[PDB]
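Q: Build the 3D model from these lines:
(2 chains)
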Amino acid sequence: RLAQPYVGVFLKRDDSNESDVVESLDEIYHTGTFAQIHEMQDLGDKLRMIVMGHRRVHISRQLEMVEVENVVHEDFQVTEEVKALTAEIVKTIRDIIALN
Amino acid sequence: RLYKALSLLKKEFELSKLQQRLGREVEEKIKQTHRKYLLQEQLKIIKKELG
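A: Numbers count the residues shown, from 1 in each chain, chains lettered A, B, ... in the order given. See the structure here:
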């Protein structure tokens, strides 16, 4: 019924437990990744929703919900030598998809 | 132009050295994680193959 349906995406902590997910709110990490929903399908099961890592957020306390786009991204003004490392990073990434 | 190209080769090569050296130090600082943790990983992979 909302004009902008949405879903948040967080990452689970160690020892996943559905009962704790409904009992306590600390199992979910303070990090959350809010994103807009695309479309439901439910071909076989009644719940096959799609999720995305779109807007990162770190709620200060999910138990308390307030949120802010604290997408920290500090970068040095000279963006010439910082990308030299990127060639090795992509070369590593290329080696993972290549060898594996 | 050949000297300017040499000075650019100096700056670019010294830059590749600082990037390779910072990356080498940074690889050693990953290598500071103990080998016990690696063998423990293999123990975990031995258990990972327990399905």
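
Q: Just give me the longest helix of chain B.
A: helix B:2-31 (DSSP state H).

Q: Also chain A?
A: helix A:84-99.

Q: Mind checking if the longest helix of chain B is in reach of chain A?
A: Yes: interface with chain A: helix B:2-31 contributes B:15-16, B:18-19, B:22-23 (CB under 8 Å from any CB of the partner chain). The C-beta positions use only the backbone N, C-alpha and C, and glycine is treated the same way.

Q: Now do the phi/psi pair for the nearest residue to residue A:52 once chain neighbours are set aside.
A: Nearest residue to residue A:52 in three dimensions, chain neighbours excluded: residue A:35, at 4.0 Å (CB to CB, 6 or more residues apart in numbering or on different chains). According to degrees, to the nearest 10, the main-chain angles of residue A:35 amount to phi -160, psi 160.

Q: The residue in chain B that chain A sits nearest to: how many residues sit nearby?
A: Residue nearest to chain A within chain B: residue B:19 (4.6 Å; CB to the nearest CB). Neighbour count of residue B:19, defined by other CB atoms under 10 Å in any protein chain shown: 17.

Q: That one reaches residue A:83, doesn't it?
A: No: if you go by CB atoms under 8 Å, residue B:19 and residue A:83 don't touch, sitting 9.9 Å apart.

Q: Output the residues of helix B:2-31 next to chain A as JSON lines; include the columns distance to residue B:48.
A: Listed next are those as JSON lines, based on distance: CB to CB, whole Å:
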{"residue": "B:15", "distance to residue B:48": "41"}
{"residue": "B:16", "distance to residue B:48": "39"}
{"residue": "B:18", "distance to residue B:48": "39"}
{"residue": "B:19", "distance to residue B:48": "35"}
{"residue": "B:22", "distance to residue B:48": "34"}
{"residue": "B:23", "distance to residue B:48": "30"}
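
Q: Can you name the residues of chain A that neighbour chain B?
A: Counting by CB under 8 Å from any CB, the residues of chain A close to chain B are A:81, A:84-85, A:88.

Q: Format those as TSV; extra columns: neighbour count.
A: Below are those laid out as TSV (neighbours: other CB atoms under 10 Å in any protein chain shown):
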residue	neighbour count
A:81	14
A:84	16
A:85	14
A:88	12
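
Q: ok, which pair from these is furthest apart?
A: Spatial extent of the residues of chain A next to chain B (CB to CB) is set by the pair A:81 and A:88 at 12.6 Å.
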